[PDB]
Amino acid sequence: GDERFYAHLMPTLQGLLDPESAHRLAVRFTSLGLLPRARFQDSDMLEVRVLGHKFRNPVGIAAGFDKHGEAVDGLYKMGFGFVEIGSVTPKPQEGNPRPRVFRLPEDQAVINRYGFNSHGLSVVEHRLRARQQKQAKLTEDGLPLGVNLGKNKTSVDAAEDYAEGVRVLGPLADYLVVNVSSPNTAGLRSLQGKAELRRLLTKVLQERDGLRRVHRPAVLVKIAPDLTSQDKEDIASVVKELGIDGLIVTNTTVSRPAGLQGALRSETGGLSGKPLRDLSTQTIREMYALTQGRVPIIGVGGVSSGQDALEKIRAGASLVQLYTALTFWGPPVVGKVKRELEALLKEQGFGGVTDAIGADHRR
Ligand SMILES: Cc1cc2nc3c(=O)[nH]c(=O)nc-3n(C[C@H](O)[C@H](O)[C@H](O)COP(=O)(O)O)c2cc1C
Ligand SMILES: CN(Cc1cccnc1)c1ccc(NC(=O)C2CC2)c(C(=O)O)c1
Ligand SMILES: CCCCCCCCCCC[N+](C)(C)[O-]
Ligand SMILES: O=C1C[C@@H](C(=O)O)NC(=O)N1
């Protein structure tokens, strides 16, 4: 439970296991509840009301750690204020050949090209149904569940893949994410283009609206950090035109920022962690401005401290997520981020997280 011991423990495990093996093991341990339950108790300062729900704290686990919905309860126990699973594809698929995940310890970064390895909708559906009422109580308790939807590699109709995801997992989710920003599926990111995006999201929203009221999720779009100014303007325009409920900003980057030191920096894939942090923050800042602060943003990318979280909140994020920091600092990082965030909010005169959202734009 000690942040300092994990930040001896983690260096040792990483020296024993390749990152995918470590990941699979972490999912197993988490799902089994082997893990101190977090000591940090959330104060009222951290509560956020957005997307039609209460979040007891603004720090969630990003998509990709629990791709198949196996460790949801263990993740709440870790102290996350909300959990997002996925991406899930309609049919099962294996993803790319291994190795497909790489550590850049000198950069506190990871590169991955998993390629949407997924148990598929049916498996995940039954897995979530088995704990559906437990989740209903968690959500009511301020601990919401998100489901992130992807598309199969060999799919002929991308929009239909997402539509299927809405119909099958929408009823089980507090929010859905249309993931159009994975760098690891050919042609996927072009769905971020204005015409493709409008057509895709119109279909997604129609399917969502066709679900019964108590089973009707918010719909968010998750975007890349690598968008042109034109891409961002167009996404903002479509989001407001269609009434999209929120944005997740951002996925991993295909860029390789000057200064990366890791030996594996030239591996193909999406880069996450520290080198992504400010690129993500600036994308949040831009999208918040383009949407006039009217569209909830979940900020993601390189968060490993309370300062990192608050910078994204002040840039316009209502909630934040992290993943990569977990691989370097381990479970203690969740409470660390929350404790540091609370201290910083007090220091800077905010009554709570809600007061800080978008604060940079009012200065
Ligand atoms: C190993 C790995 C797998 C990921 N898988 C997904 C995914 O399946 N769907 C998705 O929307 N994002 C996925 N992501 C992106 C993360 O959700 C997040 O947007 C990105 O890693 C930036 O946050 P971070 O720096 O805290 O890790 C993945 C990231 C990593 C490191
Ligand atoms: C040890 N740990 C944190 C943890 C989380 C939940 C329960 N116990 C411990 C963890 C989890 C996932 C990891 N791998 C990855 O996720 C990589 C990106 C594929 C790593 C790693 O690569 O070193 C370490
Ligand atoms: C039929 C299912 C095909 C996809 C298998 C996916 C296995 C996922 C194992 C845990 C997640 N991880 C990313 C670490 O592989
Ligand atoms: O959305 C995604 C998909 C994931 C993968 O390759 O499965 N890799 C990522 O970095 N982001």
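Residues displayed in chain A correspond, in order, to Swiss-Prot positions 32-38, 40-395.
The backbone N, Cα and C atoms fix where each Cβ goes, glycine too.
So that you can see what the record holds, here are the features copied from Swiss-Prot:
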- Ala95, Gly96, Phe97, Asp98, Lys99, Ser119, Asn180, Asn211, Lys254, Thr282, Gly305, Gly334, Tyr355, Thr356: FMN binding site (BINDING)
- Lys99, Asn144, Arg145, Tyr146, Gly147, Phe148, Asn211, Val212, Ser213, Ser214, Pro215, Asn216, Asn283, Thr284: substrate binding site (BINDING)
- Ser214: active site, nucleophile (ACT_SITE)
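Summarising the environment of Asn211 (substrate binding site), the number of other Cβ atoms within 10 Å of its Cβ, over all protein chains shown, is 27.
Here the Cα atom of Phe97 (FMN binding site) is found 14 Å from that of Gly147 (substrate binding site). Here substrate is bound by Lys99, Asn144, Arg145, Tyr146, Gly147, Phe148, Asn211, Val212, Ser213, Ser214, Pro215, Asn216, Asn283, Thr284 per the record. The longest Cα to Cα distance in that group is 17 Å. Counting Cβ atoms from all protein chains shown, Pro215 (substrate binding site) has 22 others lying within 10 Å of its own Cβ. Checking the binding-site residues (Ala95, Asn180, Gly305, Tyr355) against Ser214 (active site, nucleophile) with a 10 Å Cα-Cα cut-off leaves nothing. According to DSSP, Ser213 (substrate binding site) sits in a coil region rather than a helix or strand. Using a 10 angstroms CA-CA radius around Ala95 (FMN binding site), the binding-site residues that qualify from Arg145, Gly147, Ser213, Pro215, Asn283 are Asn283. Residues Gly147, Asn211, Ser214, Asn283, taken from the recorded positions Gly147, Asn211, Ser214, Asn283, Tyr355, are distinguished by a CB atom under 6 angstroms from ligand 4. Within the set of binding-site residues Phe97, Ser213, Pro215, no residue has a CB atom less than 6 Å from any atom of ligand 1. Each residue contributes its Cα atom, and for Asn283 (substrate binding site) and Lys99 (FMN binding site) those atoms are 15 Å apart.
In three-state terms derived from DSSP, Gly147 (substrate binding site) belongs to neither a helical nor a strand segment and is classed as coil. Comparing the binding-site residues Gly147, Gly305 on other C-beta atoms within 10 angstroms of each C-beta gives the minimum for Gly147.
Closest by Cα distance to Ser213 (substrate binding site), from the binding-site residues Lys99, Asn180, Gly305, is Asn180. Reported as a whole number, the C-alpha separation between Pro215 (substrate binding site) and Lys99 (FMN binding site) equals 16 Å.
Of all Cβ atoms in the protein chains displayed, 21 besides its own lie within 10 Å of the Cβ of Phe97 (FMN binding site).
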